[PDB]
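What follows is work-v6.txt (compact mmCIF, C-alpha atoms).
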# COMPACT_ATOMS: atom_id res chain seq x y z
CA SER A 1 -20.45 -9.37 -16.68
CA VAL A 2 -22.87 -7.13 -18.60
CA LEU A 3 -20.61 -4.19 -17.64
CA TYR A 4 -17.71 -5.65 -19.65
CA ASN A 5 -18.73 -5.59 -23.32
CA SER A 6 -21.62 -3.18 -23.92
CA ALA A 7 -19.49 -0.12 -23.08
CA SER A 8 -15.79 -0.46 -23.88
CA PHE A 9 -14.41 1.44 -20.89
CA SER A 10 -11.07 3.18 -21.33
CA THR A 11 -9.85 2.05 -17.89
CA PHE A 12 -11.04 -0.70 -15.55
CA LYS A 13 -8.86 -1.10 -12.45
CA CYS A 14 -10.44 -3.35 -9.81
CA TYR A 15 -8.61 -2.65 -6.55
CA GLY A 16 -8.63 -5.01 -3.59
CA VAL A 17 -10.57 -7.69 -5.46
CA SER A 18 -10.37 -9.80 -8.61
CA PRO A 19 -12.63 -8.33 -11.33
CA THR A 20 -13.93 -11.71 -12.52
CA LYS A 21 -14.81 -12.97 -9.02
CA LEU A 22 -17.25 -10.15 -8.15
CA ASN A 23 -20.18 -12.41 -9.08
CA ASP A 24 -19.89 -14.93 -6.25
CA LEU A 25 -19.76 -12.99 -2.97
CA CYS A 26 -22.27 -10.80 -1.13
CA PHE A 27 -21.06 -7.35 -0.09
CA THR A 28 -22.49 -4.69 2.24
CA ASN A 29 -23.82 -1.24 1.34
CA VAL A 30 -22.42 -0.62 -2.12
CA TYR A 31 -21.73 3.06 -2.84
CA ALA A 32 -21.48 4.63 -6.30
CA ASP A 33 -19.76 7.92 -7.15
CA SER A 34 -19.89 10.12 -10.24
CA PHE A 35 -18.26 13.31 -11.54
CA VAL A 36 -16.38 14.69 -14.56
CA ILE A 37 -12.59 15.07 -14.76
CA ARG A 38 -9.87 15.71 -17.33
CA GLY A 39 -8.38 12.77 -19.20
CA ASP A 40 -4.93 12.95 -17.60
CA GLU A 41 -5.92 12.60 -13.93
CA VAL A 42 -7.87 9.35 -14.43
CA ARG A 43 -4.64 7.57 -13.50
CA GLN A 44 -4.30 10.10 -10.66
CA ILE A 45 -7.53 8.93 -8.95
CA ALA A 46 -6.01 5.87 -7.30
CA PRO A 47 -5.50 4.79 -3.67
CA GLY A 48 -2.33 5.97 -1.98
CA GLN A 49 -0.72 8.07 -4.71
CA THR A 50 -1.02 11.84 -4.36
CA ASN B 1 25.84 -4.39 24.68
CA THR B 2 25.35 -6.34 21.45
CA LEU B 3 21.57 -6.05 21.82
CA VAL B 4 21.90 -2.29 22.33
CA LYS B 5 24.27 -1.91 19.37
CA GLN B 6 21.83 -3.77 17.11
CA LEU B 7 19.62 -0.64 17.02
CA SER B 8 21.82 0.93 14.29
CA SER B 9 21.42 -1.35 11.27
CA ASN B 10 19.37 -0.96 8.11
CA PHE B 11 18.33 -4.63 7.77
CA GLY B 12 17.59 -3.80 4.14
CA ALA B 13 16.06 -0.32 4.19
CA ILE B 14 17.34 3.08 3.08
CA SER B 15 18.24 4.15 6.64
CA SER B 16 17.93 3.11 10.28
CA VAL B 17 16.08 6.07 11.83
CA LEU B 18 12.29 6.02 12.05
CA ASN B 19 11.96 9.81 12.07
CA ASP B 20 14.14 10.10 8.95
CA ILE B 21 12.01 7.67 6.94
CA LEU B 22 8.78 9.20 8.25
CA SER B 23 9.80 12.76 7.34
CA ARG B 24 11.56 11.87 4.06
CA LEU B 25 8.81 10.01 2.19
CA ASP B 26 5.06 9.38 2.24
CA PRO B 27 3.47 6.56 4.31
CA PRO B 28 2.14 4.41 1.41
CA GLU B 29 5.76 3.66 0.52
CA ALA B 30 7.44 3.99 3.93
CA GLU B 31 5.27 1.13 5.22
CA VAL B 32 7.62 -1.44 3.68
CA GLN B 33 10.68 0.25 5.18
CA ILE B 34 9.07 0.26 8.62
CA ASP B 35 8.19 -3.40 8.06
CA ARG B 36 11.83 -4.23 7.34
CA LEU B 37 13.10 -2.47 10.46
CA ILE B 38 10.36 -4.02 12.61
CA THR B 39 11.13 -7.54 11.38
CA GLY B 40 14.85 -7.04 11.96
CA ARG B 41 14.31 -5.75 15.49
CA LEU B 42 11.89 -8.58 16.33
CA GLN B 43 14.60 -11.03 15.28
CA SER B 44 17.12 -9.11 17.40
CA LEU B 45 14.80 -9.37 20.41
CA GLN B 46 14.04 -13.06 19.91
CA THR B 47 17.79 -13.72 19.83
CA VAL B 48 16.00 -14.27 25.03
CA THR B 49 16.88 -17.84 24.06

Just dump the structure as structure tokens.
Amino acid sequence: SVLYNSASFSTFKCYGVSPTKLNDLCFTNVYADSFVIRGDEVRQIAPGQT
Amino acid sequence: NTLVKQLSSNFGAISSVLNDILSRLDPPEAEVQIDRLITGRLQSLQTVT
């Protein structure tokens, strides 16, 4: 919930899960990724689409 | 003969050839077409009774 208001993110697309429900279930081995990309291909980085 | 002839219907897809759909469009969309053909052919098989 703290990651929802402090930084107004341009895009927030929670795939395969409901964004609000992430608080009440225990996952396994969370992985984080980071890089820099142009503004147009942010929609391009999505599952399935080329 | 009717069961054999049933293998040439779309059942609601863009075509009725698996190779055509596979080679004409990407998987993440062709999955629904393959689902439609598979459901139709399962019904055709279950209609054994």

Exercise for the section: Identify all chain A residues at most 10 Å from chain B by counting only C-alpha atoms; ligands do not count. Present them as a PyMOL selection string. Expected result: chain A and resi 47-50

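Using all atoms listed in the file, the nearest neighbour of residue 4 of chain B within the list B:30, B:37, B:18, B:45 is B:45.
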
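Between residue 42 of chain B and the residues B:20, B:13, B:7, B:1, the shortest atom-to-atom distance, using only C-alpha atoms, involves B:7.
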
Practice task
In Å, rounded to a single decimal, give me how far atom CA of residue 8 of chain B is from atom CA of residue 31 of chain B.
Solution key: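 Interatomic distance, atom CA of residue 31 of chain B to atom CA of residue 8 of chain B: 18.9 Å.
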
Problem - Residue contacts of residue 39 of chain A (12 Å, all atoms listed in the file) excluding same-chain residues fewer than 4 positions away, as a ChimeraX atom specification - result: /A:10-11,43-45

Practice task
Take atom CA of residue 41 of chain A and atom CA of residue 25 of chain B and report the distance between them in Å, one decimal.
Solution key: 22.0 Å

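Pairwise distance (atom CA of residue 2 of chain A, atom CA of residue 22 of chain A) equals 12.2 Å.
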